[PDB]
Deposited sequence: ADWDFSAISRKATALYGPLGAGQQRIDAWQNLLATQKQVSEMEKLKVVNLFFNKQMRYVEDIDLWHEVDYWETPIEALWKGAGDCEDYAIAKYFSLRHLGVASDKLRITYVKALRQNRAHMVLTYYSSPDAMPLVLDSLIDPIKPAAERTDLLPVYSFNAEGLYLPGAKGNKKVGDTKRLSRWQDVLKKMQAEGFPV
């Protein structure tokens, strides 16, 4: 399931306009995916989590998209260089899947962020089904065992799937951007 970044850049330019500095960030993403396939799974988690936390500024959807809730594709996140809680999680999810992390190990997790006192979303990694998960977050850079994140309270978790709803709309946008399905 290889990704054609030249065609993706061409299609995204038509969908969103000239990508500007977003093209360089998409180039940096392509480099990450090209050079991190053979490292350990724990290293994949670190470099992907750190890459998007550094490449994206946290800005609310109402400011960036003029919509209360708007789920970015990874290309949209890198085009804008910005997003909010679920945008980080989605971008890290698809990157880790492309790098070979099994889908059974990755969950989209709705949480309560205690310090911000608001609904929040993170990506969780389960080394085995009964394991304590690691939290890939947009609020901080370290990846910690979930129970060590005393500032978070989990609400519900989802295994990402699909082929209209929020996640399906993301997949629809990625198909238009040129990603294989």
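Can you give me the gaps, meaning deposited-sequence stretches with no C-alpha coordinates, in sequence order?
Unmodelled stretch: 164-179 only.
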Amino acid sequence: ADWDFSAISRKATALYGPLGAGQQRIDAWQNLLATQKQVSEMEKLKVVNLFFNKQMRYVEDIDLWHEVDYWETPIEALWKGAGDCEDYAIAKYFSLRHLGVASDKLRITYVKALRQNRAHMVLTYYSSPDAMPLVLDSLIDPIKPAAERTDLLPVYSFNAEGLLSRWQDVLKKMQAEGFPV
From here on, numbers count along this sequence of modelled residues.
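Please work out which of 22-30 and 59-67 has the higher mean CA B-factor as recorded in the PDB entry.
Higher mean C-alpha B-factor: 59-67.
What stretch has the higher average Cα B-factor here, 168-176 or 154-162?
The deposited B-factors put 154-162 ahead on the C-alpha mean.
According to the Cα B-factor stored in this entry, which of the following is highest: 119, 122, 47, 131?
The C-alpha B-factor peaks, among 119, 122, 47, 131, at 119.
Grab the CA temperature factor for residue 136 from the record and place it in the lowest, middle or highest third of its chain.
CA B-factor rank for residue 136: lowest third.
Hey, what third does residue 102 fall into on Cα B-factor, ranked over its chain?
Answer is highest: the recorded C-alpha B-factor places it there.
Please say which third, lowest, middle or highest, residue 40 falls into when its CA temperature factor is compared across its chain.
According to the entry, residue 40 has a C-alpha B-factor in the chain's highest third.
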